[PDB]
Amino acid sequence: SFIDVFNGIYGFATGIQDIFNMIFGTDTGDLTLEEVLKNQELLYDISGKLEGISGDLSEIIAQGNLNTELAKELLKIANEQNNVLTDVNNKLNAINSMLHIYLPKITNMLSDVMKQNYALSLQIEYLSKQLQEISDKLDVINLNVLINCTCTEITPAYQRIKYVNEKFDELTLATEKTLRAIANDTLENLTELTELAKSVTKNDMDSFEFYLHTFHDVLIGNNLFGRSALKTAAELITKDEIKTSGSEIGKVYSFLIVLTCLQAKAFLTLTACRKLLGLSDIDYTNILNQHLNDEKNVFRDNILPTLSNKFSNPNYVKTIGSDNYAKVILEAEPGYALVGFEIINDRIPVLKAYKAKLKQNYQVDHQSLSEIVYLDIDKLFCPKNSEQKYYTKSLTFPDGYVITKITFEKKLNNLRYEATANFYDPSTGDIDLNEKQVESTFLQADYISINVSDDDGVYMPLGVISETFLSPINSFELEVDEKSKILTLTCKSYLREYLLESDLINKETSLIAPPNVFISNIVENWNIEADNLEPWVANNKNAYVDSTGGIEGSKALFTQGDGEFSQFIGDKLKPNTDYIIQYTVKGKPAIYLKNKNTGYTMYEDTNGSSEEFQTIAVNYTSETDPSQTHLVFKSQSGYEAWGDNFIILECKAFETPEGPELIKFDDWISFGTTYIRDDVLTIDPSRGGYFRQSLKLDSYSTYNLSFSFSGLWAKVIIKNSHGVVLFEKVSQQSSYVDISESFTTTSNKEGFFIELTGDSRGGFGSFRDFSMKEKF
């Protein structure tokens, strides 16, 4: 569903409890497996000896004469001995039947435990990736003092727990594979797993339970000698700067989740091993819940309030942008809020802004999660061959406000951005539309100037600008250093409140990891991993799906000859809308967008050769309401092609506005002696007279004005009644001279007027060709 929703530590504990209840449902009887085997071997030895004795008695009783009374007595003794032997054999057969019905139940329980454990562990894969990224980005060269304080007491217990969990998973997988591919062979297959169960369930000193308890003890710091591992790990992570996704809250929470889920898996392994041996069922639900609650309380009361909810971009990429107008609007619909952003630079830089509804206590609703994709984000943050001025401000809003719309405007290399935040009322989760605040830099005067200097491109932010889990933001800003030409997108999240109200008090939790996959792409099964592909269809067997001929291990579509892969996507293709077509290909492929009836190639590659996989991203437009258009991927007629990651994003972009004509011809006001004839406004000097016309000039705006000069010393002044003059020109050789200069209005947005008068007593001036347009 493209969304990896995380159910929280409480959800993981609830899943572990469910697996515990499933384990306890399997009744293994009243005898330990070791006791059953001991009884079986004892009865087997006794039965063998008695069989030998009975055979000897039978072979010595059927040989001699044995008289009459002696024969009867020996027959009676043999009958009694055979009765004893049959009783022993009946007991042995009962033991064998009990074992033969006990083993399949154990194997089924182990398979179910492995399946549910894998299902639960699928949630923490993202958190493990985040922790690995934090570790890689950690500046361990000077932080060895702290890293040897946290991983000095937790290391033995951590190693034991990880080894036990991994070995249990490996052995369970091996047993499942063996069973998929009777009692004696089952025991021979499960001997290693039973040995592991005996090792972990041995109620002895320095047992698995001992390390399980000391793990929690080191995490909390019950002993006065030691220090809490969670607190020192949080200090290690939060200190200095770790340029990864999410804030300090998210990183420390991910570390806590990793440790908590490790403990939960360890307890699950212990319970499964206890059930495997047939030991007494002791419910570890209470102790596991106690450990998890203690750790969450420590994190909530001694770590979380001191953490910062500020997250920046993961890294930077040195790029050269562009110039001229560039407007992006990260607007969210009423009832929605922005929860994160992502800047990806693989083929064409893109900006993904995630917007979603809220479900009380700053909870992001995965049902309504959507994204907006903006193309060419590099042209907005960086210049090409000029100097760009950034008007930056920390657009911080009061607590309780959620940012809905963020607007960036780059006009004449003046990057001014504004944000709007609506009231949230977390008690009900209703984003009020009437109550809102606007924090804008459109009227700022101070700026930071950066010169591109050709190859010295600006470091555009790159990566996921979001918390470890999607959450509303109440503060957004762009930071410019002006020394190394580094731009940083810095935001403040609301994850602390949702953690305090959902997961740290043992309630329902729904955390959404920032998707690494475009969730708004209309190509169903964009990457071919799902089996029984319904959208993808092959015209014949010429083209198939290679399970390893793609990116990493992706099952890429391989085309060889006339075969091709078609997918009908005409239903989701909106008319008159820009789209981004991106795909990773190998060889010489060809991608078309057919329209079923009257087959025409709206988009076509028909070329492109590469011995390795490369990513191609292009722009596309659908104009005449297709409503029937299928993507077709096909190799060259004499070549082999591989294709994967076919994504068609409904992009949004803004062009350069034309700009309204501020000055006109029919609204000229005239005072004194002025003669208006056709396209000529003769102004009479000496005699008191002048032409004027009000203007709608904006703030910090540059306007190009065309003019036709005539008449000696024809004064032109674009000014205000207060005495502020922005554009003044005097004609010197006024035969047919024309001027098309430009003027900038910094901050005096009002009814500016252009006055046309004369300096010389004579020289009847004539004016025409009026056109004042804002430049972008």
# chains A, B, ... in the order shown; residues from 1 in each chain; ligands from 1
>>> residues_around(residues="segment 273-286 of chain A", least_positions_apart="4", cutoff="7 Å", atoms="only C-alpha atoms", output="mmCIF file with C-alpha atoms, in the first residue's frame")
data_model
loop_
_atom_site.group_PDB
_atom_site.id
_atom_site.type_symbol
_atom_site.label_atom_id
_atom_site.label_comp_id
_atom_site.auth_asym_id
_atom_site.auth_seq_id
_atom_site.Cartn_x
_atom_site.Cartn_y
_atom_site.Cartn_z
ATOM 1 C CA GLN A 17 1.216 -11.071 23.707
ATOM 2 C CA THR A 28 1.606 -30.639 24.676
ATOM 3 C CA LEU A 31 5.099 -34.717 30.445
ATOM 4 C CA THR A 32 8.284 -32.909 29.472
ATOM 5 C CA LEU A 33 9.780 -33.966 26.142
ATOM 6 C CA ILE A 106 5.220 -28.472 17.946
ATOM 7 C CA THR A 194 15.873 -28.713 21.275
ATOM 8 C CA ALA A 197 15.851 -24.577 23.843
ATOM 9 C CA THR A 201 15.571 -22.309 29.188
ATOM 10 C CA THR A 269 12.019 -16.924 21.860
ATOM 11 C CA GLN A 290 7.013 -4.164 33.200
#
>>> select_by_dssp(residues="segment 328-542 of chain A", states="helix (DSSP H, G or I)", output="ChimeraX atom specification")
/A:378-381,495-503
>>> write_last_selection(atoms="N, CA and C atoms", output="short mmCIF file (atom, residue, chain, number, x, y, z; two decimals), in the first residue's frame")
data_model
loop_
_atom_site.label_atom_id
_atom_site.label_comp_id
_atom_site.auth_asym_id
_atom_site.auth_seq_id
_atom_site.Cartn_x
_atom_site.Cartn_y
_atom_site.Cartn_z
N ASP A 378 15.91 22.55 -8.12
CA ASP A 378 17.23 23.18 -8.12
C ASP A 378 17.17 24.59 -8.69
N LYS A 379 16.29 24.84 -9.65
CA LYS A 379 16.15 26.17 -10.24
C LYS A 379 15.55 27.17 -9.26
N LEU A 380 15.02 26.72 -8.13
CA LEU A 380 14.41 27.61 -7.15
C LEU A 380 15.39 28.06 -6.07
N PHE A 381 16.34 27.21 -5.70
CA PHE A 381 17.24 27.51 -4.60
C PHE A 381 18.60 28.03 -5.04
N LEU A 495 6.19 15.59 17.03
CA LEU A 495 6.25 14.18 17.41
C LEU A 495 6.20 14.00 18.92
N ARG A 496 6.72 14.96 19.68
CA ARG A 496 6.77 14.80 21.13
C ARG A 496 5.37 14.67 21.73
N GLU A 497 4.43 15.50 21.28
CA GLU A 497 3.08 15.44 21.82
C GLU A 497 2.41 14.12 21.49
N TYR A 498 2.55 13.65 20.25
CA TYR A 498 1.92 12.40 19.87
C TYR A 498 2.54 11.22 20.61
N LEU A 499 3.85 11.25 20.83
CA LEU A 499 4.48 10.20 21.62
C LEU A 499 4.00 10.23 23.06
N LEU A 500 3.87 11.43 23.64
CA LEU A 500 3.42 11.54 25.02
C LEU A 500 1.97 11.09 25.18
N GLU A 501 1.15 11.25 24.14
CA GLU A 501 -0.27 10.95 24.27
C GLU A 501 -0.67 9.60 23.69
N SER A 502 0.19 8.96 22.90
CA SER A 502 -0.18 7.71 22.24
C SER A 502 0.66 6.52 22.69
N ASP A 503 1.98 6.60 22.59
CA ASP A 503 2.82 5.42 22.80
C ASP A 503 3.46 5.38 24.18
#
>>> closest_atom_pairs(of="segment 49-112 of chain A", to="segment 187-193 of chain A", cutoff="12 Å", atoms="only C-alpha atoms", output="Markdown table")
| residue | atom | partner | partner_atom | distance |
| --- | --- | --- | --- | --- |
| A:99 | CA | A:187 | CA | 9.7 |
| A:100 | CA | A:187 | CA | 10.1 |
| A:102 | CA | A:187 | CA | 11.1 |
| A:103 | CA | A:187 | CA | 8.1 |
| A:104 | CA | A:187 | CA | 10.9 |
| A:106 | CA | A:190 | CA | 10.1 |
| A:107 | CA | A:190 | CA | 9.0 |
| A:110 | CA | A:193 | CA | 10.4 |
>>> write_last_selection(atoms="C-alpha atoms", output="PDB file, in the first residue's frame")
ATOM      1  CA  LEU A  99       5.353 -38.464  20.619  1.00  0.00           C
ATOM      2  CA  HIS A 100       3.996 -38.874  17.075  1.00  0.00           C
ATOM      3  CA  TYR A 102       3.183 -34.142  19.937  1.00  0.00           C
ATOM      4  CA  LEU A 103       5.821 -33.479  17.267  1.00  0.00           C
ATOM      5  CA  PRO A 104       3.503 -32.193  14.472  1.00  0.00           C
ATOM      6  CA  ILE A 106       5.220 -28.472  17.946  1.00  0.00           C
ATOM      7  CA  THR A 107       6.305 -28.023  14.326  1.00  0.00           C
ATOM      8  CA  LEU A 110       7.076 -23.176  15.510  1.00  0.00           C
TER       9      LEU A 110
END
>>> residues_around(residues="residue 209 of chain A", least_positions_apart="2", cutoff="10 Å", atoms="only C-alpha atoms", output="number ranges by chain")
A: 157, 161, 200-207, 211-215, 266-267, 270
>>> write_last_selection(atoms="C-alpha atoms", output="PDB file, in the first residue's frame")
ATOM      1  CA  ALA A 157      23.459  -8.997  27.236  1.00  0.00           C
ATOM      2  CA  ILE A 161      20.093 -11.841  23.095  1.00  0.00           C
ATOM      3  CA  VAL A 200      18.132 -20.857  26.741  1.00  0.00           C
ATOM      4  CA  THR A 201      15.571 -22.309  29.188  1.00  0.00           C
ATOM      5  CA  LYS A 202      18.133 -23.766  31.617  1.00  0.00           C
ATOM      6  CA  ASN A 203      17.100 -22.238  34.955  1.00  0.00           C
ATOM      7  CA  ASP A 204      20.685 -21.630  36.030  1.00  0.00           C
ATOM      8  CA  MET A 205      23.122 -18.822  36.752  1.00  0.00           C
ATOM      9  CA  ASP A 206      24.030 -16.533  33.826  1.00  0.00           C
ATOM     10  CA  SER A 207      21.116 -18.017  31.904  1.00  0.00           C
ATOM     11  CA  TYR A 211      20.977 -11.626  30.463  1.00  0.00           C
ATOM     12  CA  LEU A 212      17.399 -10.660  29.597  1.00  0.00           C
ATOM     13  CA  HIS A 213      16.990  -9.126  33.061  1.00  0.00           C
ATOM     14  CA  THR A 214      20.412  -7.456  33.056  1.00  0.00           C
ATOM     15  CA  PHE A 215      19.617  -5.873  29.684  1.00  0.00           C
ATOM     16  CA  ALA A 266      13.951 -12.452  23.199  1.00  0.00           C
ATOM     17  CA  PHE A 267      10.954 -13.070  25.466  1.00  0.00           C
ATOM     18  CA  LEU A 270      12.140 -17.897  25.537  1.00  0.00           C
TER      19      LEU A 270
END
>>> closest_residue(among="A:705, A:557, A:5, A:663", to="residue 367 of chain A", atoms="only C-alpha atoms")
A:5
>>> closest_residue(among="A:304, A:712, A:511, A:229", to="residue 767 of chain A", atoms="only C-alpha atoms")
A:712
>>> residues_around(residues="residue 308 of chain A", least_positions_apart="4", cutoff="7 Å", atoms="only C-alpha atoms", output="NGL selection string")
:A and (247-249)
>>> closest_residue(among="A:58, A:313, A:686, A:109", to="residue 76 of chain A", atoms="only C-alpha atoms")
A:58
>>> closest_residue(among="A:559, A:708, A:702, A:306", to="residue 634 of chain A", atoms="only C-alpha atoms")
A:559
>>> closest_residue(among="A:357, A:692, A:586, A:630", to="residue 667 of chain A", atoms="only C-alpha atoms")
A:692
>>> closest_atom_pairs(of="segment 414-493 of chain A", to="segment 125-133 of chain A", cutoff="12 Å", atoms="only C-alpha atoms", output="CSV")
residue,atom,partner,partner_atom,distance
A:464,CA,A:130,CA,11.9
A:467,CA,A:130,CA,11.2
A:468,CA,A:130,CA,8.0
A:469,CA,A:127,CA,9.9
>>> closest_residue(among="A:238, A:563, A:105, A:77", to="residue 186 of chain A", atoms="only C-alpha atoms")
A:105
>>> atom_distance(atom1="atom CA of residue 749 of chain A", atom2="atom CA of residue 719 of chain A")
11.6 Å
>>> atom_distance(atom1="atom CA of residue 774 of chain A", atom2="atom CA of residue 716 of chain A")
18.8 Å
>>> residues_around(residues="residue 588 of chain A", least_positions_apart="6", cutoff="6 Å", atoms="only C-alpha atoms", output="ChimeraX atom specification")
/A:608-609,641
>>> write_last_selection(atoms="C-alpha atoms", output="CSV table (one decimal), in the first residue's frame")
chain,number,residue,atom,x,y,z
A,608,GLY,CA,19.0,5.2,-25.9
A,609,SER,CA,21.7,2.5,-25.3
A,641,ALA,CA,16.2,-4.5,-23.0
>>> select_by_dssp(residues="segment 549-647 of chain A", states="strand (DSSP E or B)", output="ChimeraX atom specification")
/A:556-559,564-568,577-587,589-594,604,610-622,630-635,641-647
